[PDB]
Structure formats: structure tokens, C-alpha cells
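Please read the structure below before turning to the comments.
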Amino acid sequence: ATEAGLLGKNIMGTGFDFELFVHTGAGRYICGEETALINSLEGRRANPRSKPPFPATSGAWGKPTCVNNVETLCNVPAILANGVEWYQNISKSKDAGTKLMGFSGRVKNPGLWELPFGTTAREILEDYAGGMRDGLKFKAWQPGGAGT
Amino acid sequence: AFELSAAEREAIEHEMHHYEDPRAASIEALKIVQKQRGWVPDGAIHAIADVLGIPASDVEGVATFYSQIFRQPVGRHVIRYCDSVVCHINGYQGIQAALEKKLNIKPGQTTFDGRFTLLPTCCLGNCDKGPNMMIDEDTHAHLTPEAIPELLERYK
Amino acid sequence: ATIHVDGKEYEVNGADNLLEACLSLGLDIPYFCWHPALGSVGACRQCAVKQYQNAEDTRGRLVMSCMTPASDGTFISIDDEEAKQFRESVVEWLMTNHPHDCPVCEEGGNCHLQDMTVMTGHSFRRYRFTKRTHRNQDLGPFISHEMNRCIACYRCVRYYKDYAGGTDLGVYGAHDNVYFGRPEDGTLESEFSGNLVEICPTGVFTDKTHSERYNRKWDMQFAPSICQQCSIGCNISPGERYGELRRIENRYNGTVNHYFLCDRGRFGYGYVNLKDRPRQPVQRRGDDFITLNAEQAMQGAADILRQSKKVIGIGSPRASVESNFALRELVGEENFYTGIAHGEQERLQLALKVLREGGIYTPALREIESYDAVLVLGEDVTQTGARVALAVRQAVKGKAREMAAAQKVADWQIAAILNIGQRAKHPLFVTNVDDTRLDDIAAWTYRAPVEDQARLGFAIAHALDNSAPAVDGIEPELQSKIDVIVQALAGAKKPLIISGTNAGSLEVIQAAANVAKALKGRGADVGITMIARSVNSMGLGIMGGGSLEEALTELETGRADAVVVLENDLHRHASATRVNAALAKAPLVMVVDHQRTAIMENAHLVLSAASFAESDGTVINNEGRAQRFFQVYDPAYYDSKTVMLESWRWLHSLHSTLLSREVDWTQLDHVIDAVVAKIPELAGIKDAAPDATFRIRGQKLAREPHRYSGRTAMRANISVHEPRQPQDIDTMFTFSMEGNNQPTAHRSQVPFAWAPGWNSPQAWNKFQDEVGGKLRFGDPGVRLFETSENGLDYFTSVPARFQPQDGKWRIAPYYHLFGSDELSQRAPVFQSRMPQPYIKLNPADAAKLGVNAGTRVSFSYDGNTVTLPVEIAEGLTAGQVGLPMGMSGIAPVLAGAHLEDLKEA
Ligand SMILES: Cc1cc2nc3c(=O)[nH]c(=O)nc-3n(C[C@H](O)[C@H](O)[C@H](O)COP(=O)(O)O)c2cc1C
Ligand code: SF4
Ligand code: SF4
Ligand code: SF4
Ligand code: FES
Ligand code: FES
Ligand SMILES: [Ca+2]
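Residue numbers (this note's numbering), protein chains in the order written: chain Y, 726 to 873; chain G, 112 to 267; chain F, -2 to 902.
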């Protein structure tokens, strides 16, 4: 993207300058917390910070900072290219847009699919993951990871 | 007696070029030293502190905070097996038992010849293909206890 | 702001958080990780209360009172069942890994964790698993380390790094294996590391000097006193057990030294417990040393003083105002000589003239932290006035404070303040002959000789105001740095100029006065701070008198056949050979002292004076504030043969026996009234402390706590009969527990802080009007002088630049917090912390002499050849050699002098 003019100085001749870096972490789970992420980005221990102030007001090195997930930033260009009216008409639910959902653990197809919001968990388990394996019966499930 | 190499020092300065504060290159400086020498020795903390202009106490606290920065000597290859909830469901304990049988060591220890260092680690982000093991740079999925000693012979 | 705590209405400050507001109202909320001087972080999760949205709310939510502002119309509950249960649960979680260590822990009975465990009501253990353990580190001779007792409250790292600016202490590790200490075994390098024994709420950091002869807090006899190890005058609480000074605690003074002392004051008290101290009056008769009691000592001294034709008295800046005044009355005003050299006296009188005649306000030690730019000229503040350096660090962080204040962030939310003001700081410009300990935060550092530092100050004053004398011969790089300093100082609302007499240059003080006058002429709120040398240097300068050299000429010419030296070794202010010859020529030498000095061999009479632990008196600190120190213990309580009196008592009894041949000792208030009547410049010392008739509802003030123990067994080996309790006719304190130490008592002198449920140093919160503010009924001490209406004129004596002459070496002064003070080197625990005696050389000078680093070179001063090893000082200017002042064999008057035949031995 830097060779193609999509990054660096004078992006698309519009005067906007943007530099993108990859900061490879050193293996600690608490670094995903956004204020702990800011502290880890500054070369400190990844202790989180009390809010207020939120990182939008004073984040990385005291400057205004916005932290977003990979999937939100992947949802952004589809909104900017196809429009708002397409994004609001993806699903007839309160939460607009699609979401990466999937089932894991002793199922027939443990995987990852992109589904609209409002998709029930039985379709993810049975119509996509194939249901439980042979000789195993369903007992419980966690919807959104280890912290749910 | 520790001395930073020229390539290590130049990589560290190129890392501090990326940030507005030289303190922000401490993690990557420790990772550069770890990649060059396998681990981070005692004098490396003072060397990185002298290059970065921050106190050595903060560098030591950063090195001891992060699990992937090793402040104790490890073997030539580091096996990191996932022990989180999905791989517990997929049965990482058979993999751990096979690893302890083949290497004759407990987790957190080093083989007598310095070839392997066995370590538990958190979720590797490969839960749909669990259980997962992470040797030095390569992640191996769909593990079975029978394939463990076959997999371990390709890391001399 | 209006808050409602448990249904009761309170009026508080809306800028405060809920924890400090509720502690200021007398309410009890447990807390660990919050400190008034350090701010709120929300770590220990102990200060939880239940906040309600409105008045008609029942559910509420658990919030943290240190992290919640005490805004108007707030509704909280402390005694709510869920809040109490959560606080007990937090204490229980802290108690899961705590070692069973209280009997063998130096924090026992003085522990904040003990008080909060009892306060939360947690006394039943149901945790049945193992407890984590930690190895300990060697942190040096002053601090003892025991990491098993840690509760991970992060007070030590926050104080040591954010507040004190230290670098070698930190937090390491992870989830429950957090370690607090140094990265490796070694001595803690901060000059204020000793405050960790009061900052830490547990026994992780402990006073090792106290841990040698350890006794509990309830067994201590405490007094309110003033630290005598430099001129800052920090308020201390000396505590004694079994006739020896056991500990020095920080006594809260919101105007001076609120929560923190320096290491020299905290650990340099060991000279009091020396076994070679004089305990009885001794008279020399040939080769015999006859021990007398006080009456025959006064009779004999009266006869020999009456037979003499002219008696002279040599005072000291170590002694109090009353003792120096008593010597001055005994020998006469014209025969009274200050015990300091002529150059030292000239610098001290110039500093006094600047302070009380320059028309510029002199800030207190707490007021220094509110200044917007700091220029330090010549004075190594960290090594001579260390608490001023700590306050300078706080004033430097004031820029981050105001940057966070501009973003509507509360002043107690310290993490957001440090995040917003990342590395921006108020301008600090320090000048010295070498590197200082303020170089890490200084905007600029000028390593130059004292003439060049004075010329830099004169050029700054000329560039600020063109009426000041100009300096010719400024290099363009130096002119650019001068322009940077001038642009910083001119744009500051509250500039501060700090100088002192330790630089050994009159012109440095003149340049600092010129800078302060130039900043005052522009309408700025400039303050000036002069750092003196000893505890009562300012008082001795105000009292005045001749120099030591004039007294030595009076002894050598035979005009004075009797000399009375009061608490002065006389070798730090003049050459030793001249002093010894002048004292050996005099047929009567009487040394009134509490330390075994080198001039006592020639002394015909030695009076066993009292130190600060065994005497009352008044000392004037560097800002001109008179402060009364009180006697801690009776020396003659244990050893009945010990005749050790106050110095003013000794000299007043001597004067009475000389005049009327009868022995009357004094009362202390009589000496105070005599000082006020005779010296109108010292008339403010009457209001420093109330007199000996002051009572709190009829009772005196207790020196020892109400649970003092052993009263029928402390002296049982000497005699099974209990002796008479020592009576204190001098002051309002009593040598017993039968007194008043209530936190609500109408007084300013507090011997020690204790409240029911608060046995730790956190009882000072109960002893304040608001937490972190002043004492409830005013801080002790009164300024002797106000700011004058009109100022001085510009000092036109601009010195010439430093020219390195061949064969002569200018002695650059080097000061050390451990070693430069006269009494602190006598403390045996300092010798491990005292540096080896080296000499500093430039690389060019060492290459010219052909000497390396570590080799021994010999130099002759006043016909005395002494050899020292060599370090290579890079920042030292060529033509100068660096000597450590106040050391063994190196008198502080050598600063600014010249050296001959400095060559390799
Ligand atoms: C303990 C903890 C760990 C977290 N780890 C991550 C993480 O690994 N990745 C992530 O995107 N958000 C993580 N978060 C959530 C972030 O705080 C934040 O919501 C996110 O980084 C950005 O918000 P967004 O969803 O609007 O993009 C974590 C939160 C907590 C409390
Ligand atoms: S720190 Fe306090 S609670 Fe811990 S062992 Fe010492 S006295 Fe007991
Ligand atoms: S060592 Fe003391 S001050 Fe430091 S975190 Fe532990 S308990 Fe708190
Ligand atoms: S700064 Fe001076 S007065 Fe204060 S504790 Fe230190 S030596 Fe004592
Ligand atoms: S749980 Fe093992 S890879 Fe995620
Ligand atoms: S004092 Fe408030 S959480 Fe520690
Ligand atoms: Ca007395």
C-alpha cells in the first residue's frame, strides 16, 4: 500500500498523511484491554487505566487516541463503499451488519462463518457446525468466549 | 559481562524511530535481544536501559511482566502447548502427557541437553483446529499423542 | 459542595475526592493505596463506599471514595452492609498470603494493615491453602527488605518514582507474584529512600538502623524536635527507649516538611548514642582528668574565669539561639565571636541581608512546590538542602499538573495527570561545578567554576533588566543558553531563585540577588531561597559577632587568656594547626560540648553539654523561621551519675557564679525572655512555642503513649525502688504518659501521632484540619522577619572569568548528603553509606599530571601533605581540583581556596 500510494505522504493527492505500523506484542492477555493496550504501546507494564478520562480525550502519550477491533475496522470499508442504506438492510435486527460467528469444541465442523445479527445459535451449531460429534450429547455452551 | 551487538543496537534505534517516546521501544528491544540470544540476560536490561534512556527498573519490570520475554535461559527450541478451555475440551492433557513422556521433563523445565523447553501457554487463536502447540515459530494444529514424537524429531 | 454520608449532611470541598473529604470530617474509611502526597490510583480496592443516585435510592452501587469526587449533592454510605462486607473481603484477600509474622516484624503495633484488619472487623480465617512467598533483597544499610508482607498497594513505587524521582526501585512480575524492589541487590540510591518506612503500610521496608535496637511504638518516649543535620529545619519526632535515641520519625509540618524527611535526617542521629560522648564535667590537672559534678565545676570555672583578664567566647551554628546568647552574655557582646570563618560569615550575612532586606519573599519548603520556574545558582541542593530538591521536583511536575487541570481532570487523579503531562515540565536551570542529582529533570545544567556561575547569573540579571551590570566576554553558545534561561524566567508567573553559602562564593549570592531583583522589577511573583550550612546558621548570623579568625588572633596575641568554645570543633572553620596552637597558648580553654571533639585534649575544662535529644532550644532555619525543639529524655534517669545539662543552662549558671558566686541554673523561658529583651532581631522566638505554663485543660502534654510499659521494671536492675519521675520545668511537656495527646487538643506541637484505631503514621490525618493540609490549630514555628517594603540595589561587583593558573588548583566543593555534615559522619551506620575520600580531576589535568583513575596523589594545604585517590570528573572544568567538603581531614572552608604542589605520591 505504501508503494501504491495508499499510505505515507500525500495519499491520493488529497494532502492527508498517514503512517501505519505493526507493534507485535510480547504475549500477555491483559494487553487487549484498551488502556492496558495504550500502556503496553508506550513500553510500560500493561496495567489498565481508570476512565474517565477515556482514551478519546487523552490516550496514547497523552494525545487523542481511538482503539478499535480488527473486525470493526474491517466492517468500515464496506460501509464507506456500499453506503448506509445497504448496511442497515443487511438484517432486520437491532444490531446492524454482519458478524463472524462460529462454534468450537467437539462438533462436526468447528469453523468460522459470517452471519447477520439475529441468527439463532441452533443454526450455527447444527446448520453450520453440523451439530455435536458421534457419541456426544450437548450439555452447555459459552456464547462469546471464555469470559461469558 | 554483556555488550549489545551493532545489529541489535541499530535495530533498537530503528525501533525508537517509530514512536514519539523512546520508552515505547522497550518491548521490541527486549524481543530483539531475545531473538538474537534465545533469552534476555541480566546485563541486557542495563544495556537496553542505557540505549533507551529509561531506568533499568522499568525495563526489568517490563521483561518480568510479559510471559514471552524470557529472563531465564531456555533450550534451543521452545515448545508452547495451549492449555486454554477449548483445547481442554479437545484434550490437551494427552498431548501434555506425551510431551512429558518424550522429553522426560515437567512444564517450565529444560531438557538435559538443552534442545527443548516445555511451556504451557494461553489460547493461540486456533481453537477450531485444537489442540494446538507452538514450537519456536511454527504452530501445529490437530494434535494427537501418536504424532508428538514424529513431530518432535524434525526440530534438531 | 454538599454530601450526605449515612443520612448526615456535610459541607466539603468539591475539588477533593470522597476519601480525603470523609477523612477530613473524622469519618473512618479503610484505605491502602491512596496517600495525600501521592494522589489516588484505585489499586487496593479498600476504600469502597455505596453511592446512591439520589436521596430516594435504595440499591446504590459500590464506588471507590479515593476515585470518586466529592461533588455537590453527593449521597454515599460507609456503614452499608454490602460496603462493609466488601471491605472485609478485601482485607481477607490481602490476608490470604500474609505471613504469620507480626511478633517478629518491626511494623508491629505501628502497622496500617493491622489497623485496617481490626477496623474492617476481620478476625476469622477460613482460607486453608498455601501462601505465596518471596525472597528478600539487600537494600543497603538503612532500609530492610521483607517482601512476604507486601499487599501490592504500589505506594512505594509511586512515591519513589513519581514523587522522589528515584530510578532503582520498581515493580516486577505478574498476576499474584508482584515484587517491589530493586532489579538486583544493592544500595538504594535515592536521598529520600528512608521515607519508604512510613510510606509502606506494611513491614516490607523497615528502618534497619532502628531494627538493630528495636522497640515498639508504645514503648517510645517521643518529643517534637527539629532535625539538626542541615539548615532546612524539618520537624522530627525523636523516640527514645532505655536511654538511647531509638528512632527518628517524620513529624508533620504542613508548612515545612509535611510527610517526608531526607536520609541524612532520618538515619544520621547515631552520634547521640556514641559511647565516647562526655557525660560528666571533666577538669584537666596535669596528666589527671578529675570528674566533677556541676556545682564544683561552676565554682572552679568561676574562679579561673574571674582570675583572667579578658574572656572570649566562640559560638557555633550547631548550637541553639539560647546557648549562643548565653555564651554572648557570659563573655560580653564585644568578646563574643561566631565560630565560623570570615568568608563563611560574609556569605551568611550577605544571604541574611538578601533574605530580610531584598524585598523579595522567601518561600517556605512546602511553598516551593507551587513555583513555575526554578533557577539554582551554585548550591548543590540535593546534597545540602535535599528537601528543597524534593520540593523543586514537585514544582517541576507542576506543569503536568496545570496541563491536566486545563483538561478538567481532578488534581487527585494522579495517573491521568502523569499521562497528560508526559514529559513536559517546568523550566529548571541548575549551575554547579559538576553534575548534580537534579540533572534528570533540569531544563539545563551549567558545569562551571563558581566565578563562571556568578557571571552567568549576572548576565541573566542584565538580560532581564538592563539596569543590572553587564558582563563582557560571553560566548555565543553561553549567550544562547542565557537567552533560553531569560525567556523561561520572564514568562514564568512564579519564578524561584535558589542559592546558598555552600558554593563558597559571595558573587554567586550577589548574582542570585540581582536575578531576583530583576525579576521583581518586571512585576513577577519571584521568590528567593538561601540554603545555609548548619541548623542555626541563620540564628548565629542574626546574633552576629566576630569571626573565628579574629578570636584566633585574640588568643595568639595574648589579649585573651581564657576561651570558652561552645559546641564547636573549630577545625571545620579554620586550619587545624593554627587552632591547636592558639588553644595551646591560652592558659584556660573550656569546651562546652556533647561530642568528643579533637580540641578537648588541650581543653582545661570540658562541660558535658546536651545534644538535641537531651536539650530544649530554638533554631532558625534557612527561611528565617524560628522553631523550638524539645528535650526527648532525661539523661540522668538511668545513669544517676550522668551530669549532662543544656548548654544555655551551663553558661547561665557559669555567668551567675562569675557575677554573684552563687549557682542558679535557669528556667528556659527566662533565657527566651532574655533573648527577646536584649536582641530585638530575635524577638520572634518567644512565639515559636508556648511557655512551660501552657496546659490543655489543666494537664501537660504527654511525651510517651498511654500504653507505655515496663515502668516498674525499666530500672529494676539498678534499684527495685521506683525512682522519681523526671520533672520538666523548662517546657510544657512531661516525661510521662500522664498528659494530653488528643488529636483535637488546641496545640501546635505534636510529639507523635496516635488515634484509636490508627496506630500507623496515618494518624496524622486525624491530627490535621483537612487531610494533607496543615495542622489543625496551625503549624508550629514563626517567621522572624517579614518581607521588606523596599529592596536592595544591584551588586555591581561582577567577577572576572576563571583563569586556570599554572601550579595552583582551585578547590571545587563537592558535597555529600552522607558525610559533609559534622555530626552525621559520627553516626556509625553512615560509614557504610559514606563514600571513600577521593579527589576529582579533569581528564586534561590528569593527562597533564600523568595520573590515572584510582592512583594516589598528594597535596599540601597550610603545610600539611595529604594523599587521596583520584577519580576523573568529566564535567569538572580544567584548572580545578574537586574536593569533598566536610569529610575526614577536609574542612568546608577549603571551598574556593587554592592548592599547591598537587602531584602524584
Ligand atoms: C481483560 C480485557 C481484555 C480484552 N482483550 C481484547 C482483545 O484482545 N481484543 C479486542 O479487540 N478487545 C479486547 N478487549 C476489549 C477492549 O477493551 C475494547 O473494547 C476493544 O479493544 C475496542 O473496542 P471496540 O469493540 O469498539 O473495537 C478486552 C477487554 C478486557 C476488559
Ligand atoms: S506488616 Fe503488619 S500485618 Fe504484616 S506481619 Fe508486619 S505487623 Fe503483621
Ligand atoms: S512494598 Fe509496601 S508500599 Fe510497596 S506495594 Fe507492597 S505494601 Fe505497598
Ligand atoms: S533536609 Fe536537612 S533538616 Fe531536613 S531531614 Fe534532611 S538533614 Fe534534616
Ligand atoms: S483454546 Fe487453544 S487455541 Fe484457543
Ligand atoms: S485507597 Fe481507594 S482503592 Fe486504594
Ligand atoms: Ca529540660
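Beta carbons: idealized from backbone N, C-alpha and C, even for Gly.
- Per DSSP, the beta-bridge partners of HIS142(F) are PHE202(F).
- For the alpha helix (DSSP H) assignment, the uninterrupted runs of no fewer than 4 residues enclosed by the segment 503 to 578 of chain F are, from N- to C-terminal side, 503 to 518, 534 to 540, 545 to 553.
- In the DSSP assignment, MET61(F) falls outside any alpha helix (DSSP H) and within the unbroken beta strand (DSSP E) covering 58 to 61.
- Between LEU896(F) and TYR835(F) the beta-carbon gap is near 15 Å, outside 8 Å, which marks them as no contact.
- At a cut-off of 7 Å between beta-carbon atoms, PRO835(Y) makes contact with chain G.
- Placement of the Cβ of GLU241(F) at a distance of 6 Å or more from every heavy atom of ligand 1 is found.
- Proximity to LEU655(F) across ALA892(F), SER544(F), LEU35(F), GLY297(F) peaks at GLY297(F), based on C-alpha coordinates.
- In the structure shown, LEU324(F) adopts helical secondary structure according to DSSP, grouped into three states.
- Residue pairing by DSSP puts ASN232(F) in a beta bridge opposite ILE223(F).
- The C-beta of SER137(G) comes no closer than 7 Å to any C-beta of chain F.
- For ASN201(G), the chain Y residues whose C-beta falls within less than 8 Å of its own C-beta are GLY830, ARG831, listed in chain order.
- Per DSSP, the beta bridge partners of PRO841(Y) are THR823(Y).
- For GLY172(G), the chain F residues whose Cβ falls inside 7 Å of its Cβ are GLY167, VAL168, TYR169, in order along the chain.
- A distance below 6 Å between beta-carbons, with the five flanking residues on each side excluded, links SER637(F) to no residue of its chain.
- Scanning its chain for C-beta atoms nearer than 6 Å, with the 5 sequence neighbours on each side dropped, one finds around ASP377(F) the residues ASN429, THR433, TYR812, in chain order.
- Not one heavy atom of ligand 5 falls within 6 Å of the beta-carbon of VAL832(Y).
- Screening all residues for a C-beta within a distance smaller than 6 Å of any heavy atom in ligand 1 leaves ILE755(Y), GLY757(Y), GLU758(Y), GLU759(Y), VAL792(Y), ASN793(Y), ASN794(Y), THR797(Y), in chain order.
- Scanning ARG122(F), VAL201(F), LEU387(F) for the CA closest to the CA of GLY163(F) turns up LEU387(F).
- Chain-order list of chain Y residues neighbouring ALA412(F): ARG774, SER775, by C-beta distance under 7 Å.
- Against chain F, the beta carbon of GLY787(Y) has neighbours under 8 Å at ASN416, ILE417, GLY418, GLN419, listed in chain order.
- Taken through DSSP and simplified to helix, strand or coil, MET831(F) comes out as coil.
- Checking the 6 Å criterion, the Cβ of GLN43(F) is within range of a heavy atom belonging to ligand 6.
- Counted as a single uninterrupted DSSP element, the beta strand (DSSP E) harbouring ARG622(F) occupies residues 622 to 626.
- Residues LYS128, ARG129 of the same chain have their beta carbon placed closer than 7 Å to that of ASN94(F), with the five preceding and five following residues left out of the count.
- Relative to the Cα of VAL393(F), the nearest Cα in the group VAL371(F), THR379(F), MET400(F) belongs to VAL371(F).
- In the structure shown, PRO866(F) falls within a strand segment according to DSSP collapsed to helix, strand and coil.
- Taking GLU119(G) as reference, the option from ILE259(G), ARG148(G), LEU254(G), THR232(G) with the minimal CA-CA separation is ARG148(G).
- Taking a cut-off of 8 Å on C-beta distances, the segment 584 to 603 of chain F does not touch the segment 617 to 628 of chain F, as fewer than three cross pairs fall below it.
- In this structure, the beta-carbon distance from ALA606(F) to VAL589(F) falls below 7 Å.
- Between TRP806(F) and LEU899(F), the CB-CB gap stays under 7 Å.
- A distance below 7 Å separates the beta carbons of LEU651(F) and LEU327(F).
- In the three-state DSSP reduction, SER496(F) falls in the strand class (E or B).
- Nearest Cα to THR739(Y) within the set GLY730(Y), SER816(Y), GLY870(Y): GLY730(Y).
- For a Cβ distance threshold of 9 Å, residue set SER775 of chain Y lies close to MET64(F), ordered along the chain.
- Under a 10 Å Cβ-count criterion, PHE741(Y) is classified as exposed, with fewer than 16 other Cβ atoms of the shown protein chains found around its own Cβ.
- For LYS900(F), the uninterrupted beta strand (DSSP E) run begins and ends at 895 to 901, by DSSP.
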